[PDB]
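Listing of coords_15.pdb, PDB, C-alpha atoms
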ATOM      1  CA  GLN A   6      99.220  76.422 100.954
ATOM      2  CA  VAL A   7     100.047  72.855  99.943
ATOM      3  CA  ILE A   8      96.842  72.507  97.923
ATOM      4  CA  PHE A   9      98.181  75.325  95.737
ATOM      5  CA  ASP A  10     101.598  73.815  94.930
ATOM      6  CA  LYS A  11     102.437  73.178  91.260
ATOM      7  CA  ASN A  12     103.093  69.496  91.960
ATOM      8  CA  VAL A  13      99.614  69.120  93.444
ATOM      9  CA  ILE A  14      97.975  70.737  90.409
ATOM     10  CA  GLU A  15      99.942  68.509  88.031
ATOM     11  CA  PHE A  16      98.889  65.453  90.043
ATOM     12  CA  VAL A  17      95.228  66.526  89.864
ATOM     13  CA  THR A  18      95.483  66.897  86.093
ATOM     14  CA  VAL A  19      96.912  63.402  85.609
ATOM     15  CA  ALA A  20      94.436  61.961  88.128
ATOM     16  CA  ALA A  21      91.538  63.534  86.228
ATOM     17  CA  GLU A  22      92.774  62.064  82.945
ATOM     18  CA  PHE A  23      93.228  58.657  84.590
ATOM     19  CA  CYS A  24      89.649  58.648  85.912
ATOM     20  CA  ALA A  25      88.176  59.927  82.633
ATOM     21  CA  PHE A  26      90.062  57.175  80.819
ATOM     22  CA  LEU A  27      88.647  54.307  82.912
ATOM     23  CA  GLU A  28      85.159  55.832  83.010
ATOM     24  CA  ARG A  29      85.023  55.767  79.215
ATOM     25  CA  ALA A  30      86.865  52.509  78.484
ATOM     26  CA  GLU A  31      83.625  50.632  77.704
ATOM     27  CA  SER A  32      84.095  48.247  74.754
ATOM     28  CA  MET A  33      87.604  49.573  74.093
ATOM     29  CA  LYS A  34      89.946  47.181  72.281
ATOM     30  CA  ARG A  35      92.018  45.248  74.827
ATOM     31  CA  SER A  36      95.387  45.996  73.208
ATOM     32  CA  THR A  37      94.682  49.740  73.120
ATOM     33  CA  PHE A  38      93.351  49.706  76.698
ATOM     34  CA  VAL A  39      96.412  47.862  78.012
ATOM     35  CA  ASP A  40      98.861  50.038  76.082
ATOM     36  CA  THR A  41      97.288  53.257  77.333
ATOM     37  CA  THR A  42      96.981  52.064  80.927
ATOM     38  CA  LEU A  43     100.708  51.224  80.946
ATOM     39  CA  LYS A  44     101.440  54.873  80.081
ATOM     40  CA  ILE A  45      99.023  56.558  82.489
ATOM     41  CA  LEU A  46      99.835  54.468  85.588
ATOM     42  CA  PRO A  47     103.593  55.252  85.611
ATOM     43  CA  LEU A  48     102.836  58.962  85.284
ATOM     44  CA  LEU A  49     100.224  58.874  88.050
ATOM     45  CA  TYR A  50     102.703  57.086  90.320
ATOM     46  CA  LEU A  51     105.425  59.618  89.484
ATOM     47  CA  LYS A  52     103.182  62.619  90.151
ATOM     48  CA  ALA A  53     102.055  61.178  93.493
ATOM     49  CA  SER A  54     105.700  60.536  94.439
ATOM     50  CA  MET A  55     106.488  64.211  93.852
ATOM     51  CA  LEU A  56     103.694  65.512  96.086
ATOM     52  CA  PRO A  57     104.688  67.722  99.038
ATOM     53  CA  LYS A  58     103.903  66.493 102.554
ATOM     54  CA  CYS A  59     100.231  67.107 103.387
ATOM     55  CA  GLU A  60      98.879  67.193 106.944
ATOM     56  CA  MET A  61      95.390  65.997 107.877
ATOM     57  CA  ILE A  62      93.173  68.522 109.694
ATOM     58  CA  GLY A  63      90.357  66.114 110.538
ATOM     59  CA  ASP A  64      87.566  68.532 111.446
ATOM     60  CA  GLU A  65      85.307  68.167 108.394
ATOM     61  CA  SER A  66      84.766  64.910 106.515
ATOM     62  CA  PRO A  67      85.213  65.106 102.733
ATOM     63  CA  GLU A  68      82.314  63.823 100.646
ATOM     64  CA  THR A  69      82.718  60.287  99.272
ATOM     65  CA  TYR A  70      82.035  60.033  95.550
ATOM     66  CA  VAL A  71      82.468  56.337  94.791
ATOM     67  CA  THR A  72      79.549  54.106  95.742
ATOM     68  CA  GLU A  73      79.339  50.310  95.601
ATOM     69  CA  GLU A  74      77.274  50.700  92.413
ATOM     70  CA  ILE A  75      79.859  52.893  90.671
ATOM     71  CA  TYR A  76      82.676  50.607  91.766
ATOM     72  CA  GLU A  77      80.955  47.448  90.497
ATOM     73  CA  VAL A  78      79.885  48.892  87.163
ATOM     74  CA  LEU A  79      83.453  50.046  86.495
ATOM     75  CA  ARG A  80      84.965  46.753  87.658
ATOM     76  CA  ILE A  81      82.587  44.757  85.452
ATOM     77  CA  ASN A  82      83.279  46.904  82.393
ATOM     78  CA  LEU A  83      87.067  46.680  82.763
ATOM     79  CA  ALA A  84      86.822  42.932  83.382
ATOM     80  CA  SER A  85      84.966  42.483  80.084
ATOM     81  CA  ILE A  86      87.687  44.377  78.198
ATOM     82  CA  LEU A  87      90.509  42.251  79.602
ATOM     83  CA  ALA A  88      88.454  39.056  79.306
ATOM     84  CA  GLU A  89      90.656  35.982  79.778
ATOM     85  CA  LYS A  90      93.750  38.147  80.346
ATOM     86  CA  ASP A  91      92.225  39.817  83.416
ATOM     87  CA  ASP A  92      93.338  37.205  85.951
ATOM     88  CA  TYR A  93      96.847  36.568  87.259
ATOM     89  CA  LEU A  94      98.373  34.678  90.190
ATOM     90  CA  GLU A  95     100.526  36.596  92.660
ATOM     91  CA  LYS A 109      94.100  34.758  91.924
ATOM     92  CA  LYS A 110      93.879  38.517  91.365
ATOM     93  CA  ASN A 111      92.223  40.563  88.633
ATOM     94  CA  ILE A 112      93.603  43.637  86.904
ATOM     95  CA  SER A 113      90.045  44.985  86.698
ATOM     96  CA  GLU A 114      89.731  44.853  90.483
ATOM     97  CA  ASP A 115      93.118  46.530  90.986
ATOM     98  CA  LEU A 116      92.182  49.384  88.663
ATOM     99  CA  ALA A 117      88.778  49.823  90.295
ATOM    100  CA  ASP A 118      90.437  50.025  93.728
ATOM    101  CA  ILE A 119      92.917  52.617  92.462
ATOM    102  CA  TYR A 120      90.053  54.541  90.841
ATOM    103  CA  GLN A 121      88.235  54.620  94.176
ATOM    104  CA  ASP A 122      91.070  56.529  95.841
ATOM    105  CA  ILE A 123      91.861  58.791  92.895
ATOM    106  CA  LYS A 124      88.238  59.633  92.044
ATOM    107  CA  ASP A 125      87.267  60.333  95.666
ATOM    108  CA  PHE A 126      90.182  62.759  95.832
ATOM    109  CA  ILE A 127      89.691  64.805  92.669
ATOM    110  CA  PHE A 128      85.936  65.084  93.174
ATOM    111  CA  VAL A 129      86.381  66.846  96.511
ATOM    112  CA  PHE A 130      89.342  68.869  95.276
ATOM    113  CA  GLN A 131      87.038  70.457  92.687
ATOM    114  CA  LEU A 132      84.420  71.487  95.280
ATOM    115  CA  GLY A 133      86.648  74.412  96.259
ATOM    116  CA  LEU A 134      86.582  74.213 100.068
ATOM    117  CA  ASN A 135      90.181  74.669 101.230
ATOM    118  CA  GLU A 136      89.755  72.516 104.341
ATOM    119  CA  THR A 137      88.356  69.463 102.530
ATOM    120  CA  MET A 138      90.605  70.054  99.514
ATOM    121  CA  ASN A 139      93.510  69.683 101.947
ATOM    122  CA  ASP A 140      92.119  66.641 103.730
ATOM    123  CA  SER A 141      91.094  64.897 100.500
ATOM    124  CA  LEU A 142      94.711  65.288  99.357
ATOM    125  CA  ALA A 143      96.026  64.081 102.724
ATOM    126  CA  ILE A 144      93.781  61.024 102.560
ATOM    127  CA  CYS A 145      94.926  60.256  99.016
ATOM    128  CA  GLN A 146      98.564  60.631 100.043
ATOM    129  CA  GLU A 147      98.092  58.510 103.170
ATOM    130  CA  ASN A 148      96.486  55.719 101.124
ATOM    131  CA  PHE A 149      99.224  55.783  98.458
ATOM    132  CA  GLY A 150     101.726  53.672 100.391
ATOM    133  CA  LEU A 151      99.777  50.533 101.312
ATOM    134  CA  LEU A 152      96.620  50.902  99.248
ATOM    135  CA  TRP A 153      96.410  52.409  95.755
ATOM    136  CA  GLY A 154     100.141  52.969  95.191
ATOM    137  CA  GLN A 155     100.759  49.342  96.115
ATOM    138  CA  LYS A 156      98.017  48.112  93.795
ATOM    139  CA  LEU A 157      99.388  50.350  91.049
ATOM    140  CA  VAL A 158     102.856  48.802  91.053
ATOM    141  CA  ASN A 159     101.421  45.279  91.346
ATOM    142  CA  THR A 160      98.989  46.012  88.502
ATOM    143  CA  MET A 161     101.704  47.330  86.212
ATOM    144  CA  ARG A 162     103.463  43.955  86.403
ATOM    145  CA  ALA A 163     100.309  42.124  85.323
ATOM    146  CA  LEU A 164      99.549  44.612  82.522
ATOM    147  CA  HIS A 165     103.125  44.547  81.228
ATOM    148  CA  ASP A 166     102.873  40.754  81.165
ATOM    149  CA  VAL A 167      99.626  40.927  79.202
ATOM    150  CA  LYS A 168     101.240  43.136  76.579
ATOM    151  CA  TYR A 169     104.690  41.515  76.284
ATOM    152  CA  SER A 170     104.689  38.105  77.987
TER     153      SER A 170
ATOM    154  CA  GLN N   6     115.802  59.446  61.123
ATOM    155  CA  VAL N   7     114.074  58.244  64.300
ATOM    156  CA  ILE N   8     117.159  59.196  66.312
ATOM    157  CA  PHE N   9     115.909  62.784  66.065
ATOM    158  CA  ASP N  10     112.436  61.852  67.317
ATOM    159  CA  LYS N  11     111.207  64.037  70.191
ATOM    160  CA  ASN N  12     110.390  60.898  72.188
ATOM    161  CA  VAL N  13     113.863  59.510  71.565
ATOM    162  CA  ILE N  14     115.496  62.654  72.981
ATOM    163  CA  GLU N  15     113.454  62.559  76.185
ATOM    164  CA  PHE N  16     114.253  58.854  76.575
ATOM    165  CA  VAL N  17     117.978  59.567  76.217
ATOM    166  CA  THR N  18     117.711  62.201  78.956
ATOM    167  CA  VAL N  19     116.078  59.930  81.544
ATOM    168  CA  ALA N  20     118.267  56.991  80.489
ATOM    169  CA  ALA N  21     121.393  59.049  81.208
ATOM    170  CA  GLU N  22     119.962  60.265  84.521
ATOM    171  CA  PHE N  23     119.210  56.639  85.439
ATOM    172  CA  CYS N  24     122.701  55.381  84.588
ATOM    173  CA  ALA N  25     124.332  58.337  86.352
ATOM    174  CA  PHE N  26     122.235  57.771  89.474
ATOM    175  CA  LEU N  27     123.234  54.115  89.811
ATOM    176  CA  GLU N  28     126.857  54.949  89.030
ATOM    177  CA  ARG N  29     126.913  57.406  91.947
ATOM    178  CA  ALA N  30     125.314  54.929  94.381
ATOM    179  CA  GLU N  31     128.273  54.786  96.788
ATOM    180  CA  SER N  32     127.633  58.493  97.380
ATOM    181  CA  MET N  33     124.338  58.317  99.285
ATOM    182  CA  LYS N  34     122.168  56.788 102.007
ATOM    183  CA  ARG N  35     119.602  54.041 101.429
ATOM    184  CA  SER N  36     116.642  56.358 102.059
ATOM    185  CA  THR N  37     117.806  58.745  99.340
ATOM    186  CA  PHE N  38     118.568  55.842  97.003
ATOM    187  CA  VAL N  39     115.147  54.253  97.427
ATOM    188  CA  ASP N  40     113.174  57.507  97.184
ATOM    189  CA  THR N  41     114.933  58.614  93.999
ATOM    190  CA  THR N  42     114.832  55.261  92.222
ATOM    191  CA  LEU N  43     111.058  55.181  92.723
ATOM    192  CA  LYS N  44     110.882  58.455  90.783
ATOM    193  CA  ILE N  45     113.385  57.630  88.033
ATOM    194  CA  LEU N  46     112.044  54.149  87.227
ATOM    195  CA  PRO N  47     108.462  55.141  86.385
ATOM    196  CA  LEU N  48     109.719  57.959  84.173
ATOM    197  CA  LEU N  49     112.142  55.592  82.438
ATOM    198  CA  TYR N  50     109.327  53.104  81.821
ATOM    199  CA  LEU N  51     107.034  55.822  80.479
ATOM    200  CA  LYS N  52     109.636  57.245  78.094
ATOM    201  CA  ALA N  53     110.550  53.767  76.843
ATOM    202  CA  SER N  54     106.858  53.048  76.235
ATOM    203  CA  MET N  55     106.578  56.236  74.172
ATOM    204  CA  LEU N  56     109.467  55.469  71.830
ATOM    205  CA  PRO N  57     108.729  55.311  68.091
ATOM    206  CA  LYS N  58     108.994  52.103  66.061
ATOM    207  CA  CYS N  59     112.616  51.334  65.190
ATOM    208  CA  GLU N  60     114.016  48.986  62.547
ATOM    209  CA  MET N  61     117.407  47.252  62.457
ATOM    210  CA  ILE N  62     119.722  48.506  59.662
ATOM    211  CA  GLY N  63     122.373  46.010  60.628
ATOM    212  CA  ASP N  64     125.754  46.413  59.007
ATOM    213  CA  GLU N  65     128.119  47.278  61.817
ATOM    214  CA  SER N  66     127.481  46.136  65.393
ATOM    215  CA  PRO N  67     127.174  48.996  67.910
ATOM    216  CA  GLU N  68     130.018  49.269  70.431
ATOM    217  CA  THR N  69     129.287  47.746  73.831
ATOM    218  CA  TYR N  70     130.131  49.378  77.150
ATOM    219  CA  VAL N  71     129.156  47.026  79.963
ATOM    220  CA  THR N  72     131.780  44.403  80.766
ATOM    221  CA  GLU N  73     131.559  41.687  83.426
ATOM    222  CA  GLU N  74     133.652  43.857  85.761
ATOM    223  CA  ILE N  75     131.459  46.932  85.258
ATOM    224  CA  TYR N  76     128.361  44.800  85.880
ATOM    225  CA  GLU N  77     129.709  43.030  88.968
ATOM    226  CA  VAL N  78     131.072  46.144  90.640
ATOM    227  CA  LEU N  79     127.740  47.925  90.185
ATOM    228  CA  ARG N  80     125.701  44.967  91.412
ATOM    229  CA  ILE N  81     127.834  44.619  94.529
ATOM    230  CA  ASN N  82     127.623  48.336  95.337
ATOM    231  CA  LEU N  83     123.849  48.343  94.965
ATOM    232  CA  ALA N  84     123.610  45.209  97.085
ATOM    233  CA  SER N  85     125.643  46.938  99.815
ATOM    234  CA  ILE N  86     123.370  49.998  99.811
ATOM    235  CA  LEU N  87     120.209  47.895 100.115
ATOM    236  CA  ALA N  88     121.684  45.331 102.545
ATOM    237  CA  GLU N  89     118.956  42.997 103.889
ATOM    238  CA  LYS N  90     116.479  45.025 101.723
ATOM    239  CA  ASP N  91     117.999  43.700  98.539
ATOM    240  CA  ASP N  92     116.219  40.369  98.677
ATOM    241  CA  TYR N  93     112.541  39.945  97.920
ATOM    242  CA  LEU N  94     110.235  37.042  97.167
ATOM    243  CA  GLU N  95     108.368  37.622  93.911
ATOM    244  CA  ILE N 108     111.203  32.867  93.716
ATOM    245  CA  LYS N 109     113.999  34.745  95.482
ATOM    246  CA  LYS N 110     115.231  37.815  93.616
ATOM    247  CA  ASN N 111     117.583  40.707  94.330
ATOM    248  CA  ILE N 112     116.868  44.340  93.510
ATOM    249  CA  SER N 113     120.589  44.896  92.912
ATOM    250  CA  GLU N 114     120.662  42.266  90.158
ATOM    251  CA  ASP N 115     117.511  43.630  88.510
ATOM    252  CA  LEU N 116     118.930  47.155  88.485
ATOM    253  CA  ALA N 117     122.308  46.015  87.157
ATOM    254  CA  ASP N 118     120.519  44.045  84.418
ATOM    255  CA  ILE N 119     118.437  47.062  83.355
ATOM    256  CA  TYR N 120     121.604  49.179  83.515
ATOM    257  CA  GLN N 121     123.346  46.834  81.076
ATOM    258  CA  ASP N 122     120.753  47.554  78.394
ATOM    259  CA  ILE N 123     120.355  51.270  79.114
ATOM    260  CA  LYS N 124     124.077  52.039  79.511
ATOM    261  CA  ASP N 125     125.061  50.206  76.318
ATOM    262  CA  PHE N 126     122.480  52.264  74.452
ATOM    263  CA  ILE N 127     123.373  55.765  75.692
ATOM    264  CA  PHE N 128     127.115  55.176  75.363
ATOM    265  CA  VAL N 129     126.740  54.372  71.664
ATOM    266  CA  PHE N 130     124.205  57.134  71.117
ATOM    267  CA  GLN N 131     126.788  59.685  72.208
ATOM    268  CA  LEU N 132     129.458  58.360  69.824
ATOM    269  CA  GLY N 133     127.693  60.136  66.958
ATOM    270  CA  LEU N 134     127.507  57.503  64.199
ATOM    271  CA  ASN N 135     123.964  57.567  62.785
ATOM    272  CA  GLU N 136     123.808  53.867  61.849
ATOM    273  CA  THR N 137     124.813  52.478  65.254
ATOM    274  CA  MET N 138     122.831  55.179  67.050
ATOM    275  CA  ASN N 139     119.783  53.797  65.268
ATOM    276  CA  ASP N 140     120.642  50.141  65.829
ATOM    277  CA  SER N 141     121.508  50.599  69.508
ATOM    278  CA  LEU N 142     118.103  52.259  69.939
ATOM    279  CA  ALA N 143     116.308  49.441  68.112
ATOM    280  CA  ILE N 144     118.062  46.836  70.272
ATOM    281  CA  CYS N 145     117.268  48.677  73.500
ATOM    282  CA  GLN N 146     113.618  49.050  72.489
ATOM    283  CA  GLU N 147     113.352  45.383  71.508
ATOM    284  CA  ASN N 148     114.887  44.273  74.799
ATOM    285  CA  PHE N 149     112.501  46.544  76.707
ATOM    286  CA  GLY N 150     109.659  44.207  75.776
ATOM    287  CA  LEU N 151     111.757  41.053  75.859
ATOM    288  CA  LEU N 152     113.185  41.569  79.326
ATOM    289  CA  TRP N 153     114.217  44.930  80.826
ATOM    290  CA  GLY N 154     110.687  46.324  81.025
ATOM    291  CA  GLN N 155     109.509  43.474  83.252
ATOM    292  CA  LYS N 156     112.595  43.743  85.461
ATOM    293  CA  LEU N 157     111.857  47.454  85.884
ATOM    294  CA  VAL N 158     108.266  46.943  87.060
ATOM    295  CA  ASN N 159     109.290  44.053  89.340
ATOM    296  CA  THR N 160     111.979  46.246  90.894
ATOM    297  CA  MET N 161     109.531  49.116  91.336
ATOM    298  CA  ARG N 162     107.223  46.804  93.273
ATOM    299  CA  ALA N 163     110.089  45.565  95.427
ATOM    300  CA  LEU N 164     111.379  49.093  96.116
ATOM    301  CA  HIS N 165     107.863  50.359  96.818
ATOM    302  CA  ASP N 166     107.582  47.691  99.531
ATOM    303  CA  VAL N 167     110.991  48.624 100.940
ATOM    304  CA  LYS N 168     109.811  52.203 101.451
ATOM    305  CA  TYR N 169     106.159  51.758 102.493
ATOM    306  CA  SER N 170     105.557  48.201 103.737
ATOM    307  CA  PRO N 171     104.929  47.792 107.486
ATOM    308  CA  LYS N 172     108.176  46.819 109.187
ATOM    309  CA  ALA N 173     108.736  44.676 112.285
ATOM    310  CA  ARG N 174     107.643  41.624 110.300
ATOM    311  CA  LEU N 175     108.446  38.164 111.633
TER     312      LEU N 175
END
Would you kindly transcribe this structure into structure tokens?
Amino acid sequence: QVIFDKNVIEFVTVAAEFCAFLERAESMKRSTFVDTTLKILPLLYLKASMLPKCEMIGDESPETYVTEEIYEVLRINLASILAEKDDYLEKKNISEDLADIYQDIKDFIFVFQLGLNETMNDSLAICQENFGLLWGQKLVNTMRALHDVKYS
Amino acid sequence: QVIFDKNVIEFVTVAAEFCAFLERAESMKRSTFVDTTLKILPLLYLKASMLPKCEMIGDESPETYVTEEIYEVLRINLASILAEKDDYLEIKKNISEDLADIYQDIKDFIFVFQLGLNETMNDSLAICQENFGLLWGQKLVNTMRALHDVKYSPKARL
């Protein structure tokens, strides 16, 4: 039932836009990229925060979309956009943070679209479980760095 | 002019919700406080980021709301709610101070906006938007990070 909640659907929509954005950022102007990222990340965080509690079934493993190749290509492309503004000391890189967030978000929405209720539920549960200490954490840390790039 | 902007209206709405939430802090538990602030802050940041370009008209200075007493009382109440959770290293900072600082800019803006004088409604908006980039915006993201850790970070640390 959870996978049918309005909050879940709204999260999927924002997640899909977030992934499509990064996947097509190639050669985008830095200022535009930073400005847009600072608008999508807060919304993604908000939508995830409003998700209902999802319980893991654990009987069927969801497919895993992101490969090392996909991760590296994306990381490299984002790094080239940010250039000398990519690094920050907390030595971390915004490009790496975004690629790590993408990994969790992309793996989730890919499976959600496959239409199998059991894996749709577990892909959501996995995404929610990883929010706290993995992608959600990187998101808030990343926003600080990006905000600094734009205004500091 | 811009004070009728669709983005301005939505910003006013979340800004008021934010100020009201902090003002009612003594009426809730820490769990509720933390969970809600992590929802209000990202929305406040997003709406501020979507505001249209504003220009200073000048003339008359907008009325101010936040006094030292208002600021101190709020800071202390927030500090009491968070307790040992208030402090975070990121230099030692306090979530309560960050929130009170953001509140100063947001509260001054919405108070004036409701007074109904077009000129100062515009100028208070311009000032708030300018200070978003100059200082409040960074305090907001820093606080979000701190609060995120308060809610999700593994406890039982040394």
Contacts of residue 7 in chain A within 8 Å, all atoms listed in the file, excl. fewer than 6 positions in-chain, as a list in words = residues 13, 57, 58, 59 and 139 of chain A
Around the point (93.8, 63.6, 101.5) in the file's coordinates, collect all residues with an atom within 12 Å, using all atoms listed in the file, and return them as a VMD selection string.
-> chain A and resid 7 to 8 13 53 56 to 63 65 to 69 122 to 130 135 to 149
Please, could you write that set of residues out with C-alpha atoms as a PDB file, in the coordinates of the input?
ATOM      1  CA  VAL A   7     100.047  72.855  99.943  1.00  0.00           C
ATOM      2  CA  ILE A   8      96.842  72.507  97.923  1.00  0.00           C
ATOM      3  CA  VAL A  13      99.614  69.120  93.444  1.00  0.00           C
ATOM      4  CA  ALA A  53     102.055  61.178  93.493  1.00  0.00           C
ATOM      5  CA  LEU A  56     103.694  65.512  96.086  1.00  0.00           C
ATOM      6  CA  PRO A  57     104.688  67.722  99.038  1.00  0.00           C
ATOM      7  CA  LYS A  58     103.903  66.493 102.554  1.00  0.00           C
ATOM      8  CA  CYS A  59     100.231  67.107 103.387  1.00  0.00           C
ATOM      9  CA  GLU A  60      98.879  67.193 106.944  1.00  0.00           C
ATOM     10  CA  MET A  61      95.390  65.997 107.877  1.00  0.00           C
ATOM     11  CA  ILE A  62      93.173  68.522 109.694  1.00  0.00           C
ATOM     12  CA  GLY A  63      90.357  66.114 110.538  1.00  0.00           C
ATOM     13  CA  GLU A  65      85.307  68.167 108.394  1.00  0.00           C
ATOM     14  CA  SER A  66      84.766  64.910 106.515  1.00  0.00           C
ATOM     15  CA  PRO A  67      85.213  65.106 102.733  1.00  0.00           C
ATOM     16  CA  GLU A  68      82.314  63.823 100.646  1.00  0.00           C
ATOM     17  CA  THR A  69      82.718  60.287  99.272  1.00  0.00           C
ATOM     18  CA  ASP A 122      91.070  56.529  95.841  1.00  0.00           C
ATOM     19  CA  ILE A 123      91.861  58.791  92.895  1.00  0.00           C
ATOM     20  CA  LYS A 124      88.238  59.633  92.044  1.00  0.00           C
ATOM     21  CA  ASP A 125      87.267  60.333  95.666  1.00  0.00           C
ATOM     22  CA  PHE A 126      90.182  62.759  95.832  1.00  0.00           C
ATOM     23  CA  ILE A 127      89.691  64.805  92.669  1.00  0.00           C
ATOM     24  CA  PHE A 128      85.936  65.084  93.174  1.00  0.00           C
ATOM     25  CA  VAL A 129      86.381  66.846  96.511  1.00  0.00           C
ATOM     26  CA  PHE A 130      89.342  68.869  95.276  1.00  0.00           C
ATOM     27  CA  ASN A 135      90.181  74.669 101.230  1.00  0.00           C
ATOM     28  CA  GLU A 136      89.755  72.516 104.341  1.00  0.00           C
ATOM     29  CA  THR A 137      88.356  69.463 102.530  1.00  0.00           C
ATOM     30  CA  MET A 138      90.605  70.054  99.514  1.00  0.00           C
ATOM     31  CA  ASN A 139      93.510  69.683 101.947  1.00  0.00           C
ATOM     32  CA  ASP A 140      92.119  66.641 103.730  1.00  0.00           C
ATOM     33  CA  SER A 141      91.094  64.897 100.500  1.00  0.00           C
ATOM     34  CA  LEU A 142      94.711  65.288  99.357  1.00  0.00           C
ATOM     35  CA  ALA A 143      96.026  64.081 102.724  1.00  0.00           C
ATOM     36  CA  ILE A 144      93.781  61.024 102.560  1.00  0.00           C
ATOM     37  CA  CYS A 145      94.926  60.256  99.016  1.00  0.00           C
ATOM     38  CA  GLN A 146      98.564  60.631 100.043  1.00  0.00           C
ATOM     39  CA  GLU A 147      98.092  58.510 103.170  1.00  0.00           C
ATOM     40  CA  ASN A 148      96.486  55.719 101.124  1.00  0.00           C
ATOM     41  CA  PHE A 149      99.224  55.783  98.458  1.00  0.00           C
TER      42      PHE A 149
END
Any idea what's packed within 12 Å of range 72-85 of chain A, counting all atoms listed in the file, ignoring anything in its chain fewer than 3 positions away? Could you give it as a PyMOL selection string?
-> chain A and resi 24-35+38-39+42+68-69+88-92+110-122+124-125
Nearest to chain N by atom-to-atom distance, counting all atoms listed in the file, from A:71, A:157, A:132, A:44 = A:44
Interatomic distance between CA of residue 168 in chain N and CA of residue 150 in chain A?
-> 8.3 Å
For the file shown, report as JSON, numbers by chain the outcome of the PyMOL selection byres ((chain N and resi 25) around 12) at residue level.
-> {"N": [18, 19, 20, 21, 22, 23, 24, 26, 27, 28, 29, 30, 31, 32, 42, 45, 79, 120, 123, 124, 127, 128]}
Just need the residues of chain N within 10 Å of chain A, counting all atoms listed in the file, so spit them out as a PyMOL selection string.
-> chain N and resi 40-41+43-55+95+149-152+154-166+168-171
May I have the selected residues written with C-alpha atoms, as a CSV table (one decimal), keeping the file's coordinate frame?
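Writing done, so here's part-v2.csv:
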chain,number,residue,atom,x,y,z
N,40,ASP,CA,113.2,57.5,97.2
N,41,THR,CA,114.9,58.6,94.0
N,43,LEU,CA,111.1,55.2,92.7
N,44,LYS,CA,110.9,58.5,90.8
N,45,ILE,CA,113.4,57.6,88.0
N,46,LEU,CA,112.0,54.1,87.2
N,47,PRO,CA,108.5,55.1,86.4
N,48,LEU,CA,109.7,58.0,84.2
N,49,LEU,CA,112.1,55.6,82.4
N,50,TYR,CA,109.3,53.1,81.8
N,51,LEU,CA,107.0,55.8,80.5
N,52,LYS,CA,109.6,57.2,78.1
N,53,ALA,CA,110.6,53.8,76.8
N,54,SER,CA,106.9,53.0,76.2
N,55,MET,CA,106.6,56.2,74.2
N,95,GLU,CA,108.4,37.6,93.9
N,149,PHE,CA,112.5,46.5,76.7
N,150,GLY,CA,109.7,44.2,75.8
N,151,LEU,CA,111.8,41.1,75.9
N,152,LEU,CA,113.2,41.6,79.3
N,154,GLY,CA,110.7,46.3,81.0
N,155,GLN,CA,109.5,43.5,83.3
N,156,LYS,CA,112.6,43.7,85.5
N,157,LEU,CA,111.9,47.5,85.9
N,158,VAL,CA,108.3,46.9,87.1
N,159,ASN,CA,109.3,44.1,89.3
N,160,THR,CA,112.0,46.2,90.9
N,161,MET,CA,109.5,49.1,91.3
N,162,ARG,CA,107.2,46.8,93.3
N,163,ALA,CA,110.1,45.6,95.4
N,164,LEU,CA,111.4,49.1,96.1
N,165,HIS,CA,107.9,50.4,96.8
N,166,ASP,CA,107.6,47.7,99.5
N,168,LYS,CA,109.8,52.2,101.5
N,169,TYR,CA,106.2,51.8,102.5
N,170,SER,CA,105.6,48.2,103.7
N,171,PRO,CA,104.9,47.8,107.5
Gap from CA of residue 15 in chain A to CA of residue 38 in chain N - Å, one decimal | 24.2 Å
In Å, how far is it from CA of residue 108 in chain N to CA of residue 77 in chain N?
->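 Going from CA of residue 108 in chain N over to CA of residue 77 in chain N covers 21.6 Å.
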Would you kindly translate the PyMOL selection byres ((chain N and resi 83-85) around 9) into the concrete residues it picks from this file, as a PDB file with C-alpha atoms, in the coordinates of the input?
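See part_39.pdb below for the written result:
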ATOM      1  CA  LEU N  27     123.234  54.115  89.811  1.00  0.00           C
ATOM      2  CA  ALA N  30     125.314  54.929  94.381  1.00  0.00           C
ATOM      3  CA  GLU N  31     128.273  54.786  96.788  1.00  0.00           C
ATOM      4  CA  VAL N  78     131.072  46.144  90.640  1.00  0.00           C
ATOM      5  CA  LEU N  79     127.740  47.925  90.185  1.00  0.00           C
ATOM      6  CA  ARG N  80     125.701  44.967  91.412  1.00  0.00           C
ATOM      7  CA  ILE N  81     127.834  44.619  94.529  1.00  0.00           C
ATOM      8  CA  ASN N  82     127.623  48.336  95.337  1.00  0.00           C
ATOM      9  CA  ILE N  86     123.370  49.998  99.811  1.00  0.00           C
ATOM     10  CA  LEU N  87     120.209  47.895 100.115  1.00  0.00           C
ATOM     11  CA  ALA N  88     121.684  45.331 102.545  1.00  0.00           C
ATOM     12  CA  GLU N  89     118.956  42.997 103.889  1.00  0.00           C
ATOM     13  CA  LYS N  90     116.479  45.025 101.723  1.00  0.00           C
ATOM     14  CA  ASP N  91     117.999  43.700  98.539  1.00  0.00           C
ATOM     15  CA  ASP N  92     116.219  40.369  98.677  1.00  0.00           C
ATOM     16  CA  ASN N 111     117.583  40.707  94.330  1.00  0.00           C
ATOM     17  CA  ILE N 112     116.868  44.340  93.510  1.00  0.00           C
ATOM     18  CA  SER N 113     120.589  44.896  92.912  1.00  0.00           C
ATOM     19  CA  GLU N 114     120.662  42.266  90.158  1.00  0.00           C
ATOM     20  CA  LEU N 116     118.930  47.155  88.485  1.00  0.00           C
ATOM     21  CA  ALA N 117     122.308  46.015  87.157  1.00  0.00           C
TER      22      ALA N 117
END
Taking all atoms of range 77-84 of chain A that the file lists, what box with edges along x, y and z, padded by 6 Å per side, do you get, with centre and edge lengths in Å to one decimal, as lines of an AutoDock Vina configuration file?
center_x = 83.5
center_y = 46.5
center_z = 86.4
size_x = 19.2
size_y = 19.1
size_z = 20.1
Which residues fall under the PyMOL selection byres ((chain N and resi 137) around 9) in this file, as a ChimeraX atom specification?
-> /N:62-68,129-130,132-136,138-142
